[PDB]
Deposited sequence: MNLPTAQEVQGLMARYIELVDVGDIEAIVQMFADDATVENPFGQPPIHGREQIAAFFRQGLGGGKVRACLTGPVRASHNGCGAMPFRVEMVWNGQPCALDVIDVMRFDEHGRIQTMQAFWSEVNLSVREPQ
């Protein structure tokens, strides 16, 4: 059912674990089948597991890690601070991001929003 606050801290931390190791099939599986992702926030959202897998396959040398604890509410919502490290066109750089996800009655990410822009890109 609708995850509890403590359950949310876990799912979201799990998500970063997966993104960090790059297990794409496992990552795509945490989302609801018809989920919508807005990354970065402001851009048109991607919808459904097919498009989400496509996105992650395209994006993931990349390590990620929580930079602070996971803030959670009681209606299945959470937000977390984390850093994404990579190597763009040979050049190494880091991006500071905050993710806001909403889970469904099955513990799957129903909607997710990523907050970040160039001002957070430290290259």
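Chemist: Please list, in sequence order, every stretch of the deposited sequence that lacks C-alpha coordinates.
Modeler: No coordinates exist for the deposited residues in 1, 62-64, 128-131, so these stretches are absent from the model.
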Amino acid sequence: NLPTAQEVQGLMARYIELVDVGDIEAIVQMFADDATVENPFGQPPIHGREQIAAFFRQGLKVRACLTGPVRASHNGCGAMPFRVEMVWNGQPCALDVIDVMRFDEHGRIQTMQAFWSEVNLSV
From here on, numbers count along this sequence of modelled residues.
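Chemist: Report the stretch with the higher mean CA temperature factor, choosing between 81-89 and 31-39 on the basis of the entry.
Modeler: Mean CA B-factor is higher for 81-89.
Chemist: Out of 92-100 and 49-57, which one has CA B-factors that are higher on average in the deposited record?
Modeler: Looking at the recorded C-alpha B-factors, 92-100 comes out higher on average.
Chemist: If you rank every modelled residue in this chain by C-alpha B factor, which third holds residue 76: lowest, middle or highest?
Modeler: For residue 76, whose C-alpha B-factor we compare with every modelled residue in the chain, the answer is the middle third.
Chemist: Using the B-factors in the PDB entry, rank residue 105's C-alpha atom against the chain and give the third, lowest, middle or highest.
Modeler: As the PDB entry reports it, the C-alpha B-factor of residue 105 lands in the highest third of its chain.
Chemist: Select lowest, middle or highest to describe the third in which the CA B-factor of residue 64 falls within its chain in this entry.
Modeler: It belongs to the highest third of the chain when residues are ordered by C-alpha B-factor.
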